[PDB]
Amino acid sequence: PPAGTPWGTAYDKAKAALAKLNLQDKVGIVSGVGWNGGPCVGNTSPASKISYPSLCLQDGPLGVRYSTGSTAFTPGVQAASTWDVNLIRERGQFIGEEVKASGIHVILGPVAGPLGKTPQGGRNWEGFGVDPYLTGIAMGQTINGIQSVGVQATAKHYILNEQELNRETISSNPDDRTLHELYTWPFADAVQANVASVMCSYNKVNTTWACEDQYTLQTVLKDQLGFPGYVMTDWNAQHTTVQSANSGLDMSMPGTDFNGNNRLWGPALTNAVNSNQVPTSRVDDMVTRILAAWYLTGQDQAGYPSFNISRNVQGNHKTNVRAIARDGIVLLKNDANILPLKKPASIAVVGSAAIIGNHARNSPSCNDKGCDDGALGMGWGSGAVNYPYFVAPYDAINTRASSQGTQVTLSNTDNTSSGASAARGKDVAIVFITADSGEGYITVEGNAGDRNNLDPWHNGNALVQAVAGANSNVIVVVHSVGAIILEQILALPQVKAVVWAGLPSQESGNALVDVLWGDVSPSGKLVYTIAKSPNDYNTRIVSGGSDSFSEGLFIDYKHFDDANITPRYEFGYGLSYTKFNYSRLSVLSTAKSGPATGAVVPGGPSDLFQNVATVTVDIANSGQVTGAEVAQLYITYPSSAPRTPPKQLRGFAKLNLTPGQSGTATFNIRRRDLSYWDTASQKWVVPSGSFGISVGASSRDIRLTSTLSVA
């Protein structure tokens, strides 16, 4: 790592601190005390000689876990659905503040793995959607936000943990280009934003456990992407004392298995070094990397608060949760201006997802959010936290509707008769369906982490059907961990509006009325494809020992485009209460063909992240109300290049505009954004020829097109 740069400075302090330490101090730095051995989710032994504390590591990606005075931030997937980097950075900042104040050094997040290739994947919601570019930017933005507050971030999970089923035994075996150009891409962005830490995943990669694999840890992440920080195991994801240490692993978390066995480091590592099974330079390096993180985030300095998880650290962070839950809502359908609602006489609200249930209550049965009872705000597993409060859709609708004279009828179960009765007669009927998933150690309603199917939960399809048979103007509201097939719902001519609310967390109700009554126009867009049929997707949750990743670069919309399948709603699709005009598309480039030539800095060869071209378009609010548009750039590579997905998202801007108001969206093209991983030459290459430039409101709603040349 070069000097003058943040990492370089930290390594100097890290090398200097290493001198004062014995082997006993070193292995205590790298060895977890055990499963629940300390007061945090993770803990290591302190080194008092350098005033290095017992390192406190905690879940997770959306806030402080097991805390009684904490904010439950929206899942990453909601943040990405805003398409708003400012809200994304803020979210990471706000998480970081609560982590410092609660006395935790390392937050175990955010998530780039799984990327999310299979809609049934139980953990995708924790991430940033299916596109490596968007997810990449969001990793960058989030990590800056988190670490600028003085807390350590963890890029997670490295790598290819794209399903929950047999995650601890299944092998992920993609070809080299798929590995570099798709799944690693977002991880580069993380390394480049100077991420403190990287978590290696539970799965195997080409038959080798991820936390024991020389090639992914050493050659690719550490060497090729120039990651100066440290790699920790997922909880009990280490299988060896010796092999893991030599491969590139830096930290054994949490130290033991749940029963307190399989202690492969610590005393065993003290043995291994003595026999020179593990050299000394290797153990020095781990401790270097670990301490350099502690120095990068300035956690040595001043009075870092002590671990107190009952501290009220919320503040006014709910504003970020409000904004993201609200601006992350996608409007899928809206016929005959049914929406926004403008003071109707009566409203029917139908569904168990409409009201407070066990999920929103932090119920003792519903541990780790391991249930889909009542209103839904997130998935389950390690990436869930407790709700400090929860605003149920019904309650927020009730207050607002009542205030303006509207009467409300509630049918708060999923019963079809009650649903239809409540609907019949009323001016509109709003019905609430869900779908849930999570980490694959909790089975909820038969779903062992990953979803069994892509249908609504609790017979949501029948409920919509029942209500539609009793009312002409139906609004369907979905809160979901991922794509749900919507063809049955859409077949009902009575269904006039669908609202893809996503995962809103604690501010569910408010965000929704924000959009429903049109205090804000919806501006969210999809970060994954909603298909007409489950069959149209090209990936499966794999039940055998191996996923060959043979689909390669072609996942979600890249498959849909290439095979010419028409989705119901495409990636980057989203409606608005107003509309927008695109004009004056311009393209400027100085990009040159050939391999990346810069030396390796955090993120890879130095030129890869530097801008080489710029694309411009003017967006004008041609509607009658204020609203934000997410203008998107898609790139088609030249015909000289190998088989590459036809369109590839390479930029996005969001512009908020009053009626008649115009603005310029600017897309900065980094070198990588025109590159592909040439496997033969083992380098990132920009191809020569003519690139296609597609600019529009989605991956499919292209409005203007042009070209970009390479010599």
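One-based numbering along the sequence shown.
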query: On average, which has the higher Cα B-factor in the deposited entry, 203-211 or 280-288?
result: 280-288
- prompt: Do the CA atoms of 24-32 or those of 654-662 have the higher mean B-factor in the entry?
  reply: 24-32
- request: Using the temperature factors in the entry, find which of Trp294, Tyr557, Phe94, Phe580 has the highest value at its Cα atom.
  value: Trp294
statement: Based on the PDB entry, the highest CA temperature factor among the options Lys532, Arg123, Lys343, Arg322 is that of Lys343
Third of the chain's Cα B-factor distribution that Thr644 belongs to, per the entry: lowest
message: Based on the deposited C-alpha B factors for this chain, I'd like to know if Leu108 is in the lowest, middle or highest third.
response: middle
- line: Sorting the chain's modelled residues by C-alpha B-factor and splitting them into thirds places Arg311 in the highest
task: Just say lowest, middle or highest third for the CA B-factor of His479 relative to the other modelled residues in its chain.
output: lowest
message: Lowest, middle or highest third: which one holds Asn459 when the chain's residues are ordered by CA B-factor from the entry?
response: lowest
